[PDB]
Structures are given as structure tokens and as C-alpha cells.
């Protein structure tokens, strides 16, 4: 009662929603991306606040502290476990939903931009394009991802070999901490500014906006998508790829998508067909690339082309808030440091991807710029020595049909254990997977020991620094979820 009373004193009431508010279901559902988490059995927020000004965010946090109601912040809603808008067990929380804070102000001459966390990536990319056809920013492939969550957890895409992760190209932030105080880089200090850029969402406060450096791209880039079935020699070709691709020049990223006994090699090249073709002949002739495979286009056009296969619908693909695609979805991830034996590739393609409930596997090669950053320089530790990341993606589209895909996801993770990173088995924070472990709360604070179990998987040797920083900026563990950094205090 008095939490709401506090909010109503400080925030326009049209931006406040209780469970009985007629628009509450629509507002709650607007950026839910996973049909597992939209159904009535999920734990719902007591209130939703949709700020349009930073002062609204500050007021909400101050009210939450005064009346001990915790807040889950949502930007784009893509959290794989829905932790921006649901809790796993019954508890009281509010959602602060930033979708109305979505400005992107680009300074093309300075090659910088300020981007509100509630902007979607496609809107950031498009605003960059409205300023210049030869600037880019290296974040995700999916246009509807929120800036807030993507950057907080790192953020990587088809420019990762050239420019690393989104978070290491952030030059300032505007942030509201657990006491409602407004911060920038200067006021935050080294530890807090280090942590917020890749240490995961929620834990380190609400980022209102991010200042980014914009990076050059040529006026023409080249994409190809070359498929090889196992009959066409996919196993020998991917067995070669895992060694070659992480060693290719920084201008060339060749990822793989597999969803059966067939691998599709998808390349983004910062250059022309004219120079790509000989580069392929020299470094990876086994793929059989020729100029007919080239698709030359602008960098901005590559975003819908890589993700959707579209060539012709730039604004519709990048400016999209309809939320039409809502699979039931499960996700896992791994990092690989040693080449798979050929027999493992055989099993993946011929056996694991031909099972009931089998998902899709996406393989992103590292090396070059992402791997040149030291493991501790940012919270994102998956750097030197990484050959590739794996994402295991399971989509399905009917309720009551989760058993088979959930079992496959578990079973293939077990099969892969001997071949991927270990001690710890590394995972990407933004591919959130609650089965890696969850927090225990004791005396209303997430425990360090419970956090460490999953925390070392996402953050390796950076976990303890993250937790000490958490202890300094949020000792009472106000901003938390079931898999957020616990405070480690004296």
C-alpha cells in the first residue's frame, strides 16, 4: 500500500500499473520473448513502473528502499529465464520497465552516441545509419534485444572478431544506484564502472543510458551463407574450420548454424567479394567458396540479412516493437579451447541433431580482437585461447510439449562435457541458464557461496572482484535476482 503511495506522490500515475489496472497484462507482456514465462503460472510483479525520465527511476528506487520492495529492471525483455519480469518462487517485486526511454543521439563527427537502455539494438543501429553509412557498433545480431541487458552482460555479434564485445566499447554511463543516486563513470570509480560493463544485468544498478564509441566499417561488406551436408563433407570441413576460423584475419568472421546433418557457414567480411574470394582460396579452400556466394551490401543491411535472410526491408526489420515472435525457448552455452575430435563432430551432426526435441547449435569463432583483451580487463572472461562459443537453442511452439526439448538440452550438455571448457565450465552471462545454479538468500541477502557456483561459470576469475564491488555499491543486496552477483563484504 505505502510503496504504491510513495510512487503516486512522485511519478505520473499513467506510468504506474497494479495487477488490477486494465492495461497491466498488455504492459507486462509487451516485451516477453518466451512463451514459457508469459503464462499465468509464472510469478507476476505487484507493480509495473514505466518511467519516461531519469527522475522517475530515481523516485521508484527511493520508494523501493523506503518501503522494502525490490525492483527488477527490464529494457528489452530478452532475458532467457525472464528474470527481468518474473521470479522463480513467490515473492513481492516491482518491474521498472524502460521501454519508453529509447532515445539514441548520434554524434557522427565525434564518433560517439548516447543510447538509452530501453532502445532496442535495431534502433541503435538504425540511428547510427541515419548519421553515417560507414559507422557501426558491435553488439548482438537480434534487432529486438534491449540495449540495457545486452550491454550489461557483454554483448557480441558479427563484429566481435574485429572490435570485441559491446561493453568494452562503452565510454560512459548514466546509472541509478541502489540508493537512488545518479552516477557517471567519474562518480562511480574504477571498480563500479568495470563491473557494470559486462558483469551482468541488475546487480550493479539501473543503467539509464550508455555512451558508446562508434567504429568504422567499409561502405561495402560481404556476406555469404554456404551449406554443406554430411554427404558434401561437412564433418571434414567443420573439423578444419575450428582451427582456421579463430585464426582468420580480424575482418572475417565465419560462424556456423547446424540443425541436422548439415552445417551452414555464415560469413561477415569487412570488404568486397573481390578480396574475399582469394582470401578464402588461400585460408579455407575446403569450403568451396566462389564469387557467386557473395552478397555485397552496406553494414546496416547486413543486420537483417544475417539474422533474417532479408535484403529488402530495412526499417521494418530494425524498427520492430510488435513482439510477434514468442517461442517457448530453452538455451545453454559452452566455450571450447581444444579442437573436437572428428568423431565428436560426427556425433553432433549425425546423431545429436537428429533426436526428438533437438535444437539448433550456433558456433561463433573467437580469436583476433575479442581474444586479445586480457581475461580480467573486463568482467567477460572468455578471451585468449577460445576457439569458439556454442549456443544450444531450443524453440518449440505448443504448451505441454516442453519435455522432449528440455531433455535434449540436458542430454547434449552432458554429452559435451568432456570436450568443452572445465573447472569451471564456462558459459556466457547473456545466454542465461538457471540450471548452472541459483542463489540462496539468508537474512535477506544472496550468499557468496551460492553465487560462486554459477558465477565462476559466467565470470571465471572475475567473480570475486564483481562480488566485492557489489558489496561496496549494494551491501544490502537490494538489486537482485536468482542469479545476480552476491555482496562480499567485510
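Residue numbers count along the first chain shown, from 1.
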Exercise for the section: Taking the mean of the C-alpha B-factors per stretch from the entry, tell me the winner out of 403 to 411 and 188 to 196. Expected result: 403 to 411
Practice task
Averaging only over Cα atoms, indicate whether 423 to 431 or 31 to 39 has the higher B-factor in the PDB entry.
Solution key: 31 to 39
Practice task
Could you say which of 79, 286, 317, 266 has its CA atom at the highest B factor, as listed in the PDB entry?
Solution key: 286
Problem - Highest-ranked of 378, 275, 369, 391 once sorted by CA temperature factor in the record - result: 275
Problem - residue 325 CA temperature factor, ranked by third within the chain - result: highest
Practice task
Within this chain's modelled residues, let me know which third the CA B factor of residue 55 belongs to: lowest, middle or highest.
Solution key: middle
Exercise for the section: Would you please rank residue 332 by its C-alpha temperature factor against the other modelled residues of its chain and give the third it falls in: lowest, middle or highest? Expected result: lowest
Practice task
Ordered by C-alpha B-factor within the chain, which third holds residue 153? Give me lowest, middle or highest, please.
Solution key: lowest
Practice task
Can you work out whether the C-alpha temperature factor of residue 439 puts it in the lowest, middle or highest third of the chain?
Solution key: middle
